[PDB]
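Below is one structure; the comments refer to it alone.
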Amino acid sequence: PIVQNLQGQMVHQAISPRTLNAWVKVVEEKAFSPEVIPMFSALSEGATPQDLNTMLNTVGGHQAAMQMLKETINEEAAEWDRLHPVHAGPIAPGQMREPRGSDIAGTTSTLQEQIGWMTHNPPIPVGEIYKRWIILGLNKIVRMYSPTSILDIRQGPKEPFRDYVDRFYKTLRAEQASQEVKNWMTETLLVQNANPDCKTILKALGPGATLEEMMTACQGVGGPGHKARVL
Amino acid sequence: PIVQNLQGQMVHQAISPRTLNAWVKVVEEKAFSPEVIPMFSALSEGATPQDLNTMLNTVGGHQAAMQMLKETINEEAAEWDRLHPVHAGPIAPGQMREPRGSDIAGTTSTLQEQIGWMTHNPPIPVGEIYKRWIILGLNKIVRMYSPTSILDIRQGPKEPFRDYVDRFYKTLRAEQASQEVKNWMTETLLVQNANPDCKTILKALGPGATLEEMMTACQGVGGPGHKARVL
Amino acid sequence: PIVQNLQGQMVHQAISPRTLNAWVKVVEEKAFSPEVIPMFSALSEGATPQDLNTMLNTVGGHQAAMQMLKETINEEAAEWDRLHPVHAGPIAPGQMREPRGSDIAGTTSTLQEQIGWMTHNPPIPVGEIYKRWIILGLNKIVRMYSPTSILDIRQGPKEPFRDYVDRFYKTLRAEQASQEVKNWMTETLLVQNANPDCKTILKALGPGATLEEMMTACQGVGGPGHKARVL
Amino acid sequence: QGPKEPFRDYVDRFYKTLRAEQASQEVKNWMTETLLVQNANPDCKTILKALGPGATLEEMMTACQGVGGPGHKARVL
Amino acid sequence: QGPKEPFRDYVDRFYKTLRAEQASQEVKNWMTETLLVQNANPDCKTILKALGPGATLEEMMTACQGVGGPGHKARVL
């Protein structure tokens with residue numbers, strides 16, 4: 133992708149073979165797992181759209197998800213060609229020619245044209261826009277392959293608090309809902325699917341708990357839960 | 133992270149994939165082991181909160197523990213926003229307006245914004261402070277995974293001192309207590325938690341003696357202690 | 133209450149004995165009912181503190197709830213005095229003097245001066261805030277009243293859908309939540325708390341059905357949505 | 287409070303009686319705090335003491351509403 | 287503390303023992319925090335656990351004073 137500045141104006145270089153080995157390895161070990169999403173954001177420096185497409189094009193096994201992601205990207209591209217302040221008719225000499233929806237992606241764009249609007253005059257955030265569409269599509273994929281729904285996460289008689297909490301955190305990324313609402317929901321749900329034995333001690337911790345306080349309580353041997361006081 | 137000196141002014145680069153692969157692989161094996169805390173201290177060169185945020189997000193197995201660390205960062209940021217430099221608020225043009233307690237973490241602060249104040253003005257400790265918070269969180273995480281407390285570890289009947297000492301020092305590394313208390317406690321704690329065969333040999337060396345002197349004698353006697361003085 | 137405009141300057145006028153009897157009748161038959169809050173809101177014309185205080189003081193049966201509500205007014209008044217515009221005592225001669233939080237109370241300010249500072253010079257919302265604080269006390273009374281929770285309303289085998297949804301709407305009167313939160317929470321409950329055979333119909337109907345659409349289907353399947361010759 | 291009497295009937299009588307008390311308010315407030323623990327039945331009294339010193343009527347009510355009354359709560363038919 | 291042993295009797299033996307130890311002010315305090323929680327009788331211990339971290343000795347003693355005996359059962363029926 134694009135690199136260098138302090139040592140002189142940016143050059144658009146070839147993608148790393150080491151990063152390609154890592155991308156293939158990460159997919160082979162954990163294809164549908166959430167940690168791929170921040171990893172993709174981390175190594176996508178310079179974010180040239182043409183290079184970003186190569187990561188999507190080189191996928192083996194779960195190619196169907198990548199094709200669905202491409203259909204989703206094309207839907208987002210269509211919005212950029214309508215809803216947003218897209219250019220009307222003629223364009224003057226020397227100009228980079230303000231991107232259309234399909235010009236964002238490599239299928240109908242030439243590499244020098246793409247680099248041209250990324251740094252010839254004021255930069256267009258095409259790499260960030262294309263990358264954002266990919267993250268939005270990846271968020272749709274993790275809830276398309278999720279085995280357990282939020283109500284499916286439960287704790288049987290012999291299960292400890294550790295596993296019960298871990299499965300909620302694993303399924304958390306597939307929830308895709310408003311954060312303030314999600315927080316409010318999460319505290320109700322923990323009490324709800326707990327084992328009767330566990331529910332009594334968890335209700336003994338009572339209202340107004342934080343994750344750290346809950347984890348602190350969960351680290352013990354099981355403090356007082358109280359049965360039969362009025363009996 | 134911000135790196136470069138001999139070739140000129142520092143540049144904000146991205147995390148190494150070799151380091152990311154190593155960080156994932158070490159956590160796959162040594163998930164809660166104490167040496168992770170020095171490794172994280174060594175993997176945070178040129179410390180930048182934006183890059184550090186990603187390292188916590190790419191975690192596999194212990195996402196639940198990581199959310200408690202994230203909550204700890206929110207509490208420390210809140211403490212920073214209240215009991216440390218709050219900041220005036222309104223400020224004249226030609227200034228970078230400084231980081232608020234929330235802005236130390238990449239949640240309310242954007243990429244270039246953090247780099248700008250660390251580069252345009254003398255070093256801002258935001259990376260150092262965020263790193264210190266992560267180390268505090270990791271210390272709390274090992275505590276929340278601990279299995280045996282100080283009086284829970286008592287030597288077995290046929291167990292030798294070797295295996296007991298191995299467990300004791302590993303347990304001690306996760307305690308998070310004063311060095312004076314730890315040194316002073318060790319002298320009576322080993323004698324009081326030892327089995328009868330071990331304790332008989334252990335008291336033979338007697339008062340004053342340092343760990344090297346005791347260990348040298350113990351290595352010679354070996355095993356789970358040889359039989360006493362009445363048979 | 134103070135009334136009149138079309139005939140000229142405003143005047144203080146007495147409440148109807150029928151209005152007082154209507155309130156007393158509501159207290160006798162439905163004291164803790166959630167329908168009391170809009171009924172009280174409908175009957176509480178104007179907002180002058182002395183006449184508002186009469187409504188609270190004429191209650192019979194639930195004296196403790198009224199005492200707790202009265203304490204809640206004091207709690208809000210204290211917050212209003214010190215966390216909202218406190219203002220300051222010295223002001224030039226010929227003013228009506230801006231009320232403090234303790235002056236809002238019926239036991240503190242006299243009727244002649246109380247109406248006098250509420251309309252001689254541009255209005256002060258002294259009554260408006262008192263009515264607002266009464267609603268907070270009523271929200272607390274709904275919590276004390278609460279006999280069943282939203283998760284506790286579960287359809288039996290021989291319990292009709294109409295009885296179940298009527299019970300669900302009744303416990304929703306006491307839900308006490310934000311507009312954003314309840315619009316997300318309510319959606320899952322309808323199939324979650326429905327009986328197994330009733331769930332089959334709801335599952336078949338699927339996501340995309342609003343309340344009018346869902347009610348139309350339920351009206352069409354009869355009773356709890358049974359499985360005997362209704363197809 | 288009776289041996290099989292719920293908290294609600296007991297607090298209702300206490301507050302009904304309180305209306306006709308006729309004494310200085312600050313003096314009453316001290317007495318009123320003590321009376322709640324004093325006249326409660328052994329089984330229901332425990333929760334008032336459990337919340338300890340400096341609790342409000344609202345804080346007490348929340349615990350009291352959860353407890354309800356003596357023994358076990360009835361069955362259908 | 288045994289199940290038939292009240293809190294004052296348990297406290298008395300601890301202080302008598304503590305005077306003979308001859309130790310630094312921080313260490314005695316820092317051991318006192320965990321010792322009371324660890325060696326209290328099971329019935330009595332719950333009251334201490336319910337109070338939990340924080341406060342001072344008079345506040346803890348005030349809570350204990352109200353329940354009496356060896357974590358005594360105030361309830362009789």
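Line by line, the protein sequences are chains X, C, A, H and B.
For the first sequence, full-length UniProt numbering assigns the number 363 to the last residue and increments by one with no breaks.
For the second sequence, full-length UniProt numbering assigns the number 363 to the last residue and increments by one with no breaks.
For the third sequence, full-length UniProt numbering assigns the number 363 to the last residue and increments by one with no breaks.
For the fourth sequence, full-length UniProt numbering assigns the number 363 to the last residue and increments by one with no breaks.
For the fifth sequence, full-length UniProt numbering assigns the number 363 to the last residue and increments by one with no breaks.
Idealized CB from N, CA, C, for every residue including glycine.
query	result
Terminal residues of the alpha helix (DSSP H) in which residue 277/A lies	258-277
Entirely enclosed alpha helix (DSSP H) segments - the stretch 292-321 of chain B, minimum 4 residues	293-307
Proximity test, Cβ basis, 8 Å: residue 363/B and chain H	yes
is_contact[residue 145/X, chain C] using C-beta, thresh 8 Å	no
Integer Cβ distance of residue 133/A from residue 190/A, believed to fall under 8 Å	At roughly 16 Å, the Cβ-Cβ gap does not stay under 8 Å, so residue 133/A and residue 190/A are not in contact.
Whether residue 355/X touches residue 336/X by CB criterion (8 Å)	yes
Residue 144/X (DSSP reduced to helix, strand or coil)	strand
Cβ of residue 211/C within 8 Å of any chain X Cβ	no
Residues bridged to residue 135/A (per DSSP)	143/A
Backbone secondary structure at residue 176/X - three-state DSSP	coil
Closer than 8 Å to chain X by CB, residue 356/H	yes
Test: residue 338/H CB closer than 8 Å to a CB of chain B	yes
Candidates 273/A, 293/A, 307/A, of which the one nearest residue 194/A by Cα	273/A
Contact check, residue 236/C vs residue 277/C, beta carbons under 8 Å	no
Rounded separation between residue 353/H and residue 362/X - CA only	8 Å
Simplified DSSP state of residue 284/C, which is helix, strand or coil	coil
Cross-chain neighbours of residue 196/C in chain X, by beta carbon under 7 Å	297, 298, 301
Check whether residue 149/C and residue 154/X have beta carbons under 8 Å apart	yes
Residue 316/B versus residue 313/C - alpha carbon distance	10 Å
CB contact check: residue 317/A to chain X, cutoff 8 Å	yes
Where residue 366/C falls, given that 16 or more other Cβ within 10 Å makes a residue buried	Limits of chain C in this structure are 133 at one end and 363 at the other, which puts residue 366/C out of reach.
Contact set between residue 324/X and chain A, taken where Cβ atoms lie within less than 7 Å	283
Whole-angstrom distance between residue 350/X and residue 292/X, CA atom to CA atom	9 Å
Helix, strand or coil at residue 252/C [DSSP, three-state]	helix
Pair within 8 Å by beta-carbon distance, residue 324/A and residue 283/X	yes
Where residue 325/H sits in the DSSP three-state scheme	coil
CB contact below 8 Å: residue 274/A versus chain X	no
Endpoints, the alpha helix (DSSP H) within which residue 158/C is located	149-161
Presumed contact (8 Å Cβ cut-off) between residue 357/B and residue 332/B, rounded CB distance	7 Å
Rounded separation between residue 344/B and residue 205/A - CA only	34 Å
Short CB-CB distance (under 8 Å) between residue 332/B and chain X	yes
Span separating the alpha-carbon of residue 192/C from that of residue 165/X	9 Å
Nonlocal neighbours in the same chain, by C-beta distance under 7 Å from residue 308/X, ignoring five residues either side	271, 275
Span of the alpha helix (DSSP H), counted from its first residue to its last, around residue 357/B	First-last for residue 357/B: undefined, no H or E at that position.
Option in 288/A, 339/A, 249/A, 279/A with minimal Cα separation from residue 302/A	279/A
Partners in chain H for residue 349/B, counting only beta-carbon separations shorter than 7 Å	338
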